[PDB]
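If you're matching them up, the sequences are chains A, B, C, D, E, F, G, H and I in order.
Using the working numbering, you'd call the opening residue of the first sequence number 564 and step up by one each time.
Using the working numbering, you'd call the opening residue of the second sequence number 262 and step up by one each time.
Using the working numbering, you'd call the opening residue of the third sequence number 3 and step up by one each time.
Using the working numbering, you'd call the opening residue of the fourth sequence number 68 and step up by one each time.
Using the working numbering, you'd call the opening residue of the fifth sequence number 231 and step up by one each time.
Using the working numbering, you'd call the opening residue of the sixth sequence number 232 and step up by one each time.
Using the working numbering, you'd call the opening residue of the seventh sequence number 11 and step up by one each time.
Using the working numbering, you'd call the opening residue of the eighth sequence number 198 and step up by one each time.
Using the working numbering, you'd call the opening residue of the ninth sequence number 100 and step up by one each time.
Quick reminder that beta carbons are idealized off the backbone N, C-alpha and C, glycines included.
Notes to accompany the following structure.
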Amino acid sequence: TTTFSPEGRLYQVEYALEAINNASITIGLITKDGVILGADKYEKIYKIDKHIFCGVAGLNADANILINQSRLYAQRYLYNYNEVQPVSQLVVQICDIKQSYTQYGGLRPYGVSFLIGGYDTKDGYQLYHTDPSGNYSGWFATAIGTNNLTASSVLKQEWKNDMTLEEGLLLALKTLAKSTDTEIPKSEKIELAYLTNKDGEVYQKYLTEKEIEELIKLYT
Amino acid sequence: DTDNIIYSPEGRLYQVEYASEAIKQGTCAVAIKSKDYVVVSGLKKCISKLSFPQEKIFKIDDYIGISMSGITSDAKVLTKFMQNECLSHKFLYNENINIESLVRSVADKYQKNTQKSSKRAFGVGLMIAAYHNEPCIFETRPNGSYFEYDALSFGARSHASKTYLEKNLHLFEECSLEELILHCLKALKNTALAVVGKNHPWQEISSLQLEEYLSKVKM
Amino acid sequence: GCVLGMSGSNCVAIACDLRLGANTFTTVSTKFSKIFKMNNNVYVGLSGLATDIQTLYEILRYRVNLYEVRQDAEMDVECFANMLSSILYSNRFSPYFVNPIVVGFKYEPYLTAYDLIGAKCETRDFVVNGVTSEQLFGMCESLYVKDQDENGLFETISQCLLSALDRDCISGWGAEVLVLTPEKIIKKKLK
Amino acid sequence: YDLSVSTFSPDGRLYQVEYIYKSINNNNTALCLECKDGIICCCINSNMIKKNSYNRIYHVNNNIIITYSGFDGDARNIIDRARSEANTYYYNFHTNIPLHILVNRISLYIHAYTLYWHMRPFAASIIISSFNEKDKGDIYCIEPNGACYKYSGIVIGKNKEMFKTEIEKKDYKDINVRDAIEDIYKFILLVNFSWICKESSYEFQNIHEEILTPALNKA
Amino acid sequence: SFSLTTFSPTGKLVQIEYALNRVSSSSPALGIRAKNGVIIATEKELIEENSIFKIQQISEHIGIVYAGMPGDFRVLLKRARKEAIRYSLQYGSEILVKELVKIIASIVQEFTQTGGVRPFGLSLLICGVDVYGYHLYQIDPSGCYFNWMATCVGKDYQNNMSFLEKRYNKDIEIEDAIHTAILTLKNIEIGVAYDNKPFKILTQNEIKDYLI
Amino acid sequence: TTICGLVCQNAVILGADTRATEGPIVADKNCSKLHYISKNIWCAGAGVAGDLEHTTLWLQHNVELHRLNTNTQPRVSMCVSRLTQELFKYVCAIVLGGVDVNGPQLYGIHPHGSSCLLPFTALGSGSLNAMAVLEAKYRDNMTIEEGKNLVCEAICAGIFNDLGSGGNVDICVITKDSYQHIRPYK
Amino acid sequence: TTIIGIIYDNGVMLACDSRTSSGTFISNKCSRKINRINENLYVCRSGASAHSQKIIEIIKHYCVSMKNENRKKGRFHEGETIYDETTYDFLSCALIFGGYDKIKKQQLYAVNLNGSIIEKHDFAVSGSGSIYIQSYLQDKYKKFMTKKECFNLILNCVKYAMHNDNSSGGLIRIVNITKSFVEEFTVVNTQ
Amino acid sequence: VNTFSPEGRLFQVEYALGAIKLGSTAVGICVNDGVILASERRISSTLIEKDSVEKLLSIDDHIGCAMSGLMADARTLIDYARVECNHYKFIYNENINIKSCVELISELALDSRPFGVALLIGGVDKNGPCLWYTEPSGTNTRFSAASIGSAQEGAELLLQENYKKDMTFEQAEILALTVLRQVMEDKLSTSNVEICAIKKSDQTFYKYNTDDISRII
Amino acid sequence: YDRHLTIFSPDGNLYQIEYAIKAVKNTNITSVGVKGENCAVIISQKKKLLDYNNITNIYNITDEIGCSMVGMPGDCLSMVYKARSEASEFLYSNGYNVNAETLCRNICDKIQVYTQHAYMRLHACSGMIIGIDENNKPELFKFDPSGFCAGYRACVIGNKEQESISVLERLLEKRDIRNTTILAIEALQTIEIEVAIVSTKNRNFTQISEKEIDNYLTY
Ligand SMILES: */C(=C\S(C)(=O)=O)[C@H](Cc1c[nH]c2ccccc12)NC(=O)[C@H](CC(C)C)NC(=O)[C@H](Cc1c[nH]c2ccccc12)NC(=O)CN1CCOCC1
């Protein structure tokens, strides 16, 4: 709502950003198979469609609205073109909303900063991130939430364009786990998931997750 | 404080009171009521050597004409409204508008502006001068109040005209229009003057014949 | 418009004509396919005017996907069907005609047939909306046996089609028969 | 706190409502008396400019009467509200409005504006009354922010409390048939006396000026 | 209009935090989720209290308790019920408890964001039944609905939040869970969705049935 | 569509036909013209099926929801006001039988929305054929068993006698304490 | 069908027969064409049953709103005029206003299809069966009659109207709106 | 916004005065044979396309209106004025009398934020050229000769120094070129001015070709 | 600031609600409404030229229902008119007269919406509500400017409240019209007046007769 800063900045959006950096960390990775997205959490990862899923940070209670809106947009686009929505357009939709709120309104801006990733065929597997500001950028890897730079810069210092899902997910977990603790995330709350083509098949109680819990046998 | 949507602990509204602190900057205009005639003079302030001074007088209908003295924009809006309303009147009823119905209507508009918070009070006060049968002079304070008058003067140094009004009965010499107009030009003292009553409706003798009439105060 | 829905012991079968002819029944198209899959256990077979068919199946595509994503459970047929009845009823004019057929496990088989206003019949057995429906109820009322293997039920529903199509001018070429079991789906073309 | 028509004070008083009582406390008196043979509302407006006319009293029907005190504009507008109300009721119910229901209607009207944060409450208390042989005289006074109350005669305006010593002789005030006026003219030590009595034919009427003479010439 | 709540320099919404403080300052209720049922209870002289229970029937299945402002509970309960009905008209079946919890969460969301309104003053418990299983969701004033095997909402529940676990030890049967609820809660109200879908409040006589 | 219902010595007893029809060919072997608006009040509509499923849905939920919103059992006449007001806004007759603080009330509701309380009622094609046998044998305060056999008799007559009516019957005894439905009276 | 009303020595005496013939076949015989808009005033009605009943409920709640908004019972003339202005706004019914008022102890308004006239020193008759009785009753008329005497005129005029008008009903209901308090009357039948 | 000052002047609109002082100057002179209309063209940056930006415009075919203050608010008022003063002629040929076009623009200018601009509308409609300055305040006034921009602060006197009604529009052109060349830093050229004219006969609005102004100087 | 508007405290507790309750609690018009065995009494003190004959707090909103009201008077006449509107809409929609609590859903919710919505001020009025229920048990409810359908076998409102709860308890140990009404009129004496029972006609709600005021007061 609030006007520009005398230096040239926005108070409100800086505040909501301050809010989303305090959220528990979410992360993202791209490989050949499909995007895999981590979590510090209760699902804290939701599907937009089959081909698209988003992994959120921020005041998630207000994110609930952008998940609902998101789904309305994707289904509306399918409604209008008989084609499931390309990820990039969906991100354009949500960021069109967010910019609708930061500018005119008198309503406070959304407190949510969330990832979104998915496979439009036209452009291969996609990954994106959003801000209350309404700025979105594509990515190969991300680590939004607390220790954004601290968890990013490990991958940034240790990452490559292609990996197996089976090897890549662990490399999500090196950041994701060593940051909190070496074992804690798979000792405690956690939620990695991916799109092979559709759903996030890995489950924290799933035996596949034992490999995550087994990263340490590899790690030490 | 600082909005007309609330009263002062005194019990006064300030915003509407500020409207007179607007009107005092405006140039004086004066009016006289002969038993069958009304004469209304203005004073056209000249912003430059090359400006032609604005006309305070207007002409809302056949026998109705007005002389707003406040901020010009509100004044023109009241004129466009009063004219559109008289024409709506005739267009409905094949009949001339009642003068007092009009005054009551425009005054309703003032109050509608001075009550609502979002709309500012007018910075102008009309001095209507007309008749549907017998001559009249109404004044509208920048609020819902309006008063009928025998003689009225208002704006800048109207104070001279006000104190002077006591020196003559409004109709101490009503019977002749020239007596009337000479009372008008005395009471007020290019500059404007206008006449309305009986046979001739509203009229603005701003002709050079008026220029001739000017010397008559000193003739 | 010609659609069928036989039921079976451990199966349901649905079928149709594949012609979408125009005025004076000239066959403008022979590959038109009214049957659709709203879900692995849920199908709809539309009939009547084809415009209203694509618009209707389109809106279902919308609202069902929307509900399945909004609520994790794959939608139960009673929900899709009662909601369907709710959908048509909002306006008669929207479909100048349409005669939906809803079919699928729920693993008790569920076969229901709406009217175009949304009048609905939740049948325990076969139901047959379509321009050739009288021939359909006619053959299938007597040909039907309570429970059969998917192939005998297949030849059965196929005999109702093979019978009806040869009595109606508007009946199509082919047959998008679609026997199914909870774990499997078997579509076929019959001539 | 005092800055809102709506926000309550820490002690639950509404200062912004409370100021309207000041407005009305300073503004011109407008006694309405009741005889045991009628009702006589009156006004003493205290506003050469015309002196001949400035009536405060006005009716909603030829029988019901209104009088006020406070800002002229707001009250004139409420009089418009009452005219439209009496006439609405006459369009629906083919009869003249009982005074009671009209009084409650204006209670709601005046009450509404208090609740709105932008909206400014009216600044004018309103007497409304009627008298018939069967419809016995009653004088409802409406203080702004609701609570209209029936009365045997209430003085309102600037000096009302010092007149209440006179109105409190309401035994003597009820004693009168048509001479309560003559009592009032000394009692008070522009003006608008009126009529709703049997001689009035119960229809409202400005008191006749040659009937006004006996009062003024009485002392 | 104007969202009366706005962000802190510190990033928090202070207002909703206030409402959180009011709920914390307001009256207790329990929820416990038996393997084969769910029980919700609360600590509830002229006043005929029999008309007044924090417990409320949203459907034959779903029942709820708020902690905060009772009129706020009234309006939320009203919109909620009207949603269970709006759904049961939109489709042929009873609402899933998770879906109703989501719609209540959105309704709570809007006022927390939408202009001119004070945010809701109360928490919610929502025991229920569905084809999935016997459910219990607490709804936060923020819009943060959350699953619980058990929960607490009202005053002095910091110490009291940690008595509820013991029923899951070996008391998953309803009749034994009852003690977990009342003894943890140690007037009163209890609504229980049992092995049957319909739920019903236990009378004070049946409250004495477990008082022995 | 016959639909016949009749008051007994303490409970309304409704009974109705079970066979939908498209006009020429039958389009159903069975249908539900005995919808359950509440435990001690039901409706038995006759007319277009579509409009019937509609207004009975909207009615059932207006009544169940309103019952949740207030203490009182949704006494029978409120359903009649809601329904008749809905039809008045604008094609489906109804016959509703419920039991309450008053008597076992029964109402009949015309397509234009007109309402009437009735001792016994029928609607549809079979109505005539049901008014014939129903009226002849009726007596106020019958033993409910007399309702049990009679209403089935008048229904069977209003079945056999119309081309537009046929199939199996179902009947229910709406006691105030409880409905007592049976799916096939036949 | 028939609705009638004659004022006795003091109060009104309204009457009607119930039949509610439906499509030239009797449907809801022994209904109640006469109404309690209030105890002070009763309102006979005839025309379409649906439009009448809805209008009846509507004027009812206006009558009660007026009833409590001013604690005096609403004058029946106002009930008449509100029904006037209401039915003016297509809707269709004809009807009869009788009742007691302290303002005017006994009157009898009569609303046409749209606009309403009175008959203070007369009688009001309407419906298909009216036309038989307009002439018969307007002969037997005299203003002096007490209820014991005018009860006969009402009763008989109903009987003749019912004799030779097919729509006209069987059982008939009458109300003796006494000038004083309660005015009740019980259903009765002859032929 | 419209919170009246205790002094009695409207606050807002009186704050909005200064916006015209930001204006680069222009001098409109009604004359017996037309309306001359000069303005600074030296406003230009070196690299903006040369002389590709006009202060002076054309509301209608026979109206030309130099603008003060913010370029944007002026572009808007000219937009709506073009629309309206065209819409006036919707079937009947006569274009709006200048006084009433300007009366429109002002009567709108009265009532967001008050406009930061002042206009100097001119044209021939009645037998005689018109020259109407519109103050941001909505006050509307017909000068015989007048100037706008902050340079009009002292340059106005120069008009008083020379303005006789009796001039060939060419004489008037010399005059306005005098007064406006005086306030410029650059020696005047066609890049320093964007002069326009409406003749008493031709009545047509016409920006001068640069060759012309280069010729007179 | 939080106090100037209907918003939460830093402590999490609403302000302006407490202030509206101070409006009621400093209104100083105490009123005792006690249920009677198969009946129910509602009494209030009826508190110049003013008419006691006019004054009352008790008011019926249908035949079966009557609600004493206390607080800001304009809000009271408004909440009563709202109440009557409410019963008329329920009757019109459903054909049943509202049970007293059913009228309290409307009273309490309409009174509530003010609380969230910051603009329109919180309700300044409160009072009992009495009526025979569909259940033959008489029903006595209450409401607060903060939403509350309440519920009582006995209640008090105004300047006195829980001060007289313990006082009421003494009648509660002794709690027919004789037996119950004396409890009420005494409860005014315990801590003219106007008494109102639903049990005159057992379903119809009417204020008890003026002639029969004294006999209980003198017994
Ligand atoms: C009574 C017949 S009658 C002549 O006595 O009034 C039945 C009442 C009925 C039938 N089914 C139910 C279910 C619940 C309650 C009541 C019920 N109604 C009819 O027989 C309708 C005849 C109308 C013209 C009076 N029949 C129908 O409306 C058709 C029903 C239908 C068509 N296809 C189906 C498949 C499965 C189940 C049912 C059906 N449908 C139509 O008439 C089509 N209309 C066209 C215009 O209105 C909306 C749709």
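Query                                                                                                         : Result
Interface flag, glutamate 409 of chain B vs chain D, CB-CB below 9 Å                                          : yes
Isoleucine 277 of chain E: contacting residues in chain I (beta-carbon distance under 8 Å)                    : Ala249, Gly250, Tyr251, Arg252
Neighbouring residues, chain F, relative to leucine 319 of chain E (Cβ below 8 Å)                             : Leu288, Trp289, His292
Interface partners of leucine 296 of chain F on chain E, CB under 8 Å                                         : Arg311, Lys312, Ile315
Continuous beta strand (DSSP E) stretch holding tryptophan 463 of chain B: start and end                      : 461-464
Assigned secondary structure, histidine 173 of chain G (DSSP; H/G/I helix, E/B strand, else coil)             : helix
Cutoff 9 Å: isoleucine 608 of chain A Cβ touching any chain C Cβ                                              : no
Beta strand (DSSP E) segment containing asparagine 337 of chain H, residue limits                             : 337-339
Option nearest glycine 108 of chain G by Cα separation, candidates G:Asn38, G:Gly179, G:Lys189                : G:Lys189
For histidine 412 of chain F, three-class secondary structure by DSSP                                         : strand
Where the alpha helix (DSSP H) through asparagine 41 of chain C begins and ends                               : Segment 37-41 is the beta strand (DSSP E) holding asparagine 41 of chain C; no alpha helix (DSSP H) there.
Contact test: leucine 118 of chain C Cβ vs ligand 1 heavy atom, cutoff 8 Å                                    : yes
Cβ neighbour criterion (16 or more within 10 Å) applied to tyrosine 59 of chain C                             : buried
8 Å Cβ cut-off: residues of chain L touching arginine 85 of chain G                                           : Among the chains of the structure shown, chain L does not appear; the protein chains present are A, B, C, D, E, F, G, H and I.
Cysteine 298 of chain H: first and last residue of the uninterrupted alpha helix (DSSP H) it sits in          : 295-307
Contacts of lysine 237 of chain D in chain I (Cβ-Cβ under 7 Å)                                                : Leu148
Contact test: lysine 190 of chain C Cβ vs ligand 1 heavy atom, cutoff 8 Å                                     : no
Terminal residues of the alpha helix (DSSP H) in which residue 784 of chain A lies                            : Here chain A covers residues 564 to 783 and nothing more, so residue 784 of chain A does not appear.
Same chain, Cβ closer than 8 Å to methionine 141 of chain C, neighbours up to 5 away in sequence not counted  : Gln161, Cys162, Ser165, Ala166
Between the CA atoms of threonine 342 of chain E and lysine 610 of chain A - distance to the nearest angstrom : 25 Å
Proximity test, Cβ basis, 9 Å: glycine 386 of chain B and chain H                                             : no
Contacts that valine 44 of chain C makes with chain A (C-beta to C-beta distance below 9 Å)                   : Result: empty, since nearest Cβ-Cβ is about 16 Å, beyond 9 Å.
Cβ pair count under 8 Å reaching 3, the segment 316-332 of chain B against the segment 447-463 of chain B     : yes
Within 9 Å, strictly: CB atoms of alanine 121 of chain C and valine 279 of chain F                            : yes
Chain D contact for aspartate 94 of chain G (CB, 9 Å cutoff)                                                  : yes
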